[PDB]
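Chain residues, written in single-letter form:
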Amino acid sequence: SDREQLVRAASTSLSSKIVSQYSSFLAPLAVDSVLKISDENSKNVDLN
Amino acid sequence: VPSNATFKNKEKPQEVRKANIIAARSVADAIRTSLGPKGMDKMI
Amino acid sequence: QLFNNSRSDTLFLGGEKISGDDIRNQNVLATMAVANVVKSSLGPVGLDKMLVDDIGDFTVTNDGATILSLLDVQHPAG
Amino acid sequence: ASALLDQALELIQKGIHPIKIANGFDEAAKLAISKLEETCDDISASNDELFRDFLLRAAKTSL
Amino acid sequence: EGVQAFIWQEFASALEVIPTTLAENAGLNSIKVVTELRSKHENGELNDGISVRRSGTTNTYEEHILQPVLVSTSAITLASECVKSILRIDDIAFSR
Amino acid sequence: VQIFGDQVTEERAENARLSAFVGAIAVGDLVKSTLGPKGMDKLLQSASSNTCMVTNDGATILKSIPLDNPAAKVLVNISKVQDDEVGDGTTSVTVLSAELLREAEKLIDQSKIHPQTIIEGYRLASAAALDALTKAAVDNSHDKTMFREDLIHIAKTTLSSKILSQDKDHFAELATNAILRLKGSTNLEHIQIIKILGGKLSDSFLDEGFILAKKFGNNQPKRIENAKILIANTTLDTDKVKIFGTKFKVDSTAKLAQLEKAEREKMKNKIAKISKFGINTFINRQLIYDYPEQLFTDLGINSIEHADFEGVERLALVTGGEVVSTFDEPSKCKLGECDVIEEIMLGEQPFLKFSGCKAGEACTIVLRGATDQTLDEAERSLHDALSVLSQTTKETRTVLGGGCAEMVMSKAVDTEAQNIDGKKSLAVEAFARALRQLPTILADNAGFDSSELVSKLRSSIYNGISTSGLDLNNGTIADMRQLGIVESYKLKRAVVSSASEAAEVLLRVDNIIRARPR
Amino acid sequence: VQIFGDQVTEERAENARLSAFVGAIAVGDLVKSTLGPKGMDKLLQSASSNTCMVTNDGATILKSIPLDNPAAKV
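Residues numbered from 1 in each chain as written, not as in the entry; some residues may be left out. Chains lettered and ligands numbered in written order. Part of a larger assembly, values for the part shown. Heavy atoms only, no water.

**Student:** Which residues make up the overall build of chain C, and what values go with them?
**Tutor:** What chain C contains, in helices and strands, is 2 helices and 2 strands. Ordered by position from the N terminus, the helices and strands of chain C form the series α-β-β-α. The globule rule puts the C-alpha radius of gyration for 78 residues at 12 Å, and the 17 Å found for chain C is more than 25% above it. Taken over the C-alpha atoms alone, chain C extends approximately 55 × 30 × 20 Å along its principal axes. Across the 78 residues in chain C, those meeting the buried criterion constitute 12%. Relative to all contacts within chain C whose residues are 6 or more apart in sequence, the contacts with residues 24 or more apart total 28%. Here chain C has roughly 6200 Å² of accessible surface; of this, 57% comes from carbon and sulfur atoms. (Helix = DSSP H or I, 4+ residues; strand = E, 2+ residues; numbered from the N terminus. Rg over C-alpha atoms; globule rule 2.2 N^0.38 Å. Buried < 20%, exposed > 50% of the residue type's maximum accessible area, 1.4 Å probe, protein only. Contact = heavy atoms within 4.5 Å. Areas by Shrake-Rupley, 256 points an atom, 1.4 Å probe, with all protein chains shown as cover.)

And the structure:
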């Protein structure tokens, strides 16, 4: 869990999406969603 | 040196492969404008 | 505008696909066609408009909320 | 001519202005002609007996 | 030293379309950028790329621009598997 | 006088014939480019729904392409029969059956031979070809080491023409271990093929145990250690009472409230009989209602619903148990055990994975590809490979492939052709040259001169060496024993038998009467 | 991109080499039975005036019968 690498990679991955201007609060949104499920086996992290 | 070995026959596959590449690159040209942060949306 | 573009050259689509500045030019004309209605209805000096259903009934609506709701616009950006 | 257009299509996709492509072919055309002009030699020094041989050489090629 | 090596020369030039597209969509000249890309990427091992905000070539790590390795790895793998399937079609026949 | 009617197309004598020959050439030329490991795949586009299919199988190409020629359907049916009995070599059957007519076309023309006389030539030629092919076979299964190695060589030969040819080196072990785990029973219902998007073709791995895509219950945990697996034929559903054919007669609602409660206690008592087994996992063939599902949570029992008809037998054999119906007697229907029931995820769809079971009688194959066009061929590529490997278990006779089998059979044809007097001897020699057309196309699709390779291979076998063959990698003659090209005897016997009989039918047609289509 | 106009038939591939050779087969097979003293005459059905012409010579048979195949016109 790293707030520097995950947030900067999430906002960059948006790129031309319309949410790029809204990426300020949206970048921590996608990071904190995945951090709730953590495993050392590198599971696919089901999005259900 | 020529007139020996073999001669290429049924050259239509050579044209079919060209027709498939040209048709595939034509589709890749429309999506190319959407690449990168400077890309634009496509309304369908 | 001007002359229509060629239809699916090497593109092999069943529909119509236009590229270049012609899309943004038609997108402006779509918003300008629906604006000229709402324009004259703005302000206390604005005037009401009457919409007809061809069934004999008329509808007087000043604001563009119901006007754009009744008028059928098939343009995607409109 | 089509070979020049095939190499020009790749340059257009790279963002090169078409006039810049045409300006490069005009300068490259005179460099190729001036290079081949220096390599060839003058056969007019030969007499009429050998001059007939050069006419038979270029004839069989076009036939 | 083989005909397979001559194909790899076109494989490296085919990947240049991605940085070329970034310059065309941003209005910048592609050759002027690639000329700077080839010179900077020779000494620099990585992080050298195109930045759309500064409109030029700079360090992508300092600009925080980053992408996962699985995005670029799968993009090369799926592209090579699709070209193999297209080049094996010698004809198209109408069926029911 | 027209007896038949209006819009009736009919051809007689020279008009009837040459319609079947050209009809066979048009069909033969379509699959001619698909023969060999260097062959080119053919794309088929449907006239409706805009569905495209990439397939290298000569049988699937002829079924999709509409053909109104009555003689063309002769080559289509033999491609299906070859696909039904074996599943591989359907392209070679269509080509070999077409080459018999191409050679017989010049026999009636140049040499002026009656068509029935040519039929008598193939009968004497095919009898000597099967005798030479049988003596060239090598016995198998006498040693478990040589039996397993021969199955690896067969998978590499079949997949050579398939798009898998690049990764077939790793896939030889994938298709081999699936047959050995069948324990002698030959069926493809026990082998599952799952298509997955993403990755590369070589990412396909062998499945230890049995993997089938399902979903756990709402309150049921994913991972259970040492779970007992049971399959139930009966479904948990509203049963009416017993025999159906009834409806409740309610005089007063006082008994109606306890009436619905009685139906809730019937399914509760059925689960009580299931709980006597001590199973941690339950599998049903059809959808399970939410009411019986809650009884499995307090008892710690996994639930699997909507099981396919094929998935019932695939799962029952891997665990070792049998399908339970009445549940009355606990001693009967002894159940197996699974080490790991934990579910994994491949792509965006999670797949339930099992490991450490008692029997491997059923198998599952995971395939990964870029597009469905590759996945559609990846399933049919292994389906043709697993079909020959499954028939090799019951049929142990195998022969050398790679163009060598067709040349050995043609050697015995020319030997007996010199002792046959009459005009039918020309039809016998035509059958030998028709067998040489298959290795000739192998060189044409590879970009090598066919006149040089066939001439060096034909003269080398008459010297007494039967191990010579065609090598398309180096473009020269190499040994088939060193390259490891082995094909089953049932495969080559079905090609010669079906092609010789199919060409015999079209040579017997002197008239074609086409009725008015509906 | 089709540079040719409408209703323009062209074969750039195997269909061309096949049509050229087969086109000469029907021409050769027509005059094949007319070679030799044991040959048989051919009948020509005129499209106008219904004037029948029977000639063993192959020059009149090929010129009278309309042939749209360039391989046949040679």
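**Student:** Could you give an account of the side chain of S23(A), with specific residues and numbers?
**Tutor:** Residues and elements named next belong to chain A. Structurally, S23 is set in helix α2 (residues 23-35). Classification of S23 by relative accessible area gives buried; the value is 12%. Beyond its immediate sequence surroundings of up to four residues, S23 is in contact with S11 and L14.

**Student:** Please provide a residue-by-residue account of the interface of chain G and chain B, values included.
**Tutor:** Taken together, the contacts link 4 residues of chain G with 4 residues of chain B. The junction of chain G with chain B conceals about 380 Å² of combined surface from both sides, 47% of it contributed by carbon and sulfur atoms. Of all residues in chain G, the largest losses of buried area upon contact with chain B belong to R12(G), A13(G) and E14(G), amounting jointly to 77% of the total for that side. There are 1 salt bridge connecting chain G and chain B. Of the charged contacts, one joins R12(G) and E15(B) as a salt bridge, the two residues approaching to 3.6 Å between their closest N and O atoms. The interface formed by chain G and chain B contains 0 residue pairs in polar contact. When grouped by side-chain class, the residues that make up the side of chain G that touches chain B number 1 nonpolar, 1 polar and 2 charged. (Buried area = accessible area lost by both parts, 1.4 Å probe. Salt bridge = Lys/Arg side-chain N within 4 Å of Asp/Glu carboxyl O. Polar contact = N/O pair within 3.5 Å; in protein donor to acceptor, adjacent residues only side chain to side chain. Nonpolar A, V, L, I, M, F, W, Y, C, P; charged D, E, K, R; others polar.)

**Student:** Tell me what's going on with the interface of chain E and chain F, and back it up with residues and numbers.
**Tutor:** Chain E puts 15 residues into the contact, and the matching count from chain F is 24 residues. For the pair chain E and chain F, the summed buried area comes to about 1900 Å², and 55% of that belongs to carbon and sulfur atoms. Its largest share of buried area at the contact with chain F, chain E owes to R88(E), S95(E) and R96(E), together 37% of the area lost on that side. Summed over the shared surface of chain E and chain F, the number is 2 salt bridges. Across the pair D91(E) and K42(F) runs a salt bridge, and its minimum N-O distance is 3.9 Å. In this assembly, chain E and chain F are joined by 12 residue pairs in polar contact. Residue assignment for the side of chain E that touches chain F shows that the elements contributing at least two residues are α4 (69-86) and β3 (89-95) of chain E. Considered class by class, the residues forming the side of chain E that touches chain F number 6 nonpolar, 3 polar and 6 charged. Both β3(E) and strand β2 (residues 41-46) of chain F contribute to a ladder of 5 bridges, which runs parallel. (Pairing = 2+ DSSP bridges.)

**Student:** Give me the lowdown on the pairing of strand β7 (residues 229-232) of chain F, citing residues and values where you can.
**Tutor:** Residues and elements named next belong to chain F. Side chains of β7 alternate between two faces, with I229 and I231 and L230 and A232 buried alike. Pairing of β7 with strand β8 (residues 281-284), which is carried by 4 bridges, proceeds in the parallel orientation. By the bridge assignment for β8, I231 is matched with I283. Read as a crossover between parallel neighbours, the route from β7 over helix α8 (residues 254-275) to β8 is right-handed. (Right-handed = clockwise from strand over helix to strand, strands pointing away.)

**Student:** Let's hear about the sheet that holds strand β5 (residues 211-212) of chain F: which residues, and what values?
**Tutor:** Residues and elements named next belong to chain F. Read from one edge of the open sheet, 3 strands run β5-β12-β11, paired in antiparallel fashion. Edge positions in the open sheet fall to β5 and β11 (343-346), since each of these has one partner strand only. Note that β11 and strand β12 (residues 349-353) share 4 bridges and pair antiparallel. If you follow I344 over to β12, its bridge partner there is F351.

**Student:** Now, about the packing of helix α12 (residues 404-417) of chain F against helix α13 (residues 424-435) of chain F: what can you tell me, with residues and values included?
**Tutor:** The geometry of a pair of packed helices is captured by two quantities: the angle between their axes and the separation between those axes. Residue and element names in this part refer to chain F. Close contact between α12 and α13 brings their axes to 8 Å; oriented N to C, the two are set at 165°. Comparing the axis directions of α12 and α13 gives the class roughly antiparallel. For α12 against α13, the interelement crossing comes out left-handed. Taking contact as the criterion, the partners of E406, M409, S410, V413, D414 and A417 in α12 are, on α13, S425, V428, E429, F431, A432 and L435. The residue makeup of the contact of α12 with α13, split by class, is 7 nonpolar, 2 polar and 3 charged. (Axes fitted to C-alpha atoms, helices over the stretch in contact; angles between N-to-C directions. Parallel < 35°, antiparallel > 145°, perpendicular 65-115°, else oblique. Left-handed = near helix turned anticlockwise from the far one by under 90°.)

**Student:** For the pairing of strand β16 (residues 476-479) of chain F, give the residues involved together with the corresponding values.
**Tutor:** Residues and elements named next belong to chain F. With 4 bridges connecting them, strand β15 (residues 468-471) and β16 associate as antiparallel partners. Counterpart to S468 in the pairing with β16 is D479. Counted along the chain from β15 to the antiparallel partner β16, the turn is 4 residues long, and its residue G475 has a positive phi close to 65°.

**Student:** An account of the pattern of salt bridges is requested, with residue identities and associated values reported.
**Tutor:** A full pass over the atoms with the stated rule returns 34 salt bridges over all chains. Of the charged contacts, one joins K14(D) and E10(D) as a salt bridge, the two residues approaching to 3.9 Å between their closest N and O atoms. The class of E10(D) is partly exposed, set by a relative accessible area of 40%. Ionic pairing is found between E337(F) and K228(F), a salt bridge with its closest N-O pair at 3.5 Å. Placement of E337(F) in the loop between α10 (309-319) and β10 (338-340) and of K228(F) in the loop between β6 (225-227) and β7 is noted, with a sequence separation of 109 residues between them. The partly exposed category is assigned to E337(F), whose relative accessible area is 27%. Via salt bridges that share partners, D39(A), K43(A), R223(F) and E342(F) belong to a single interconnected network.

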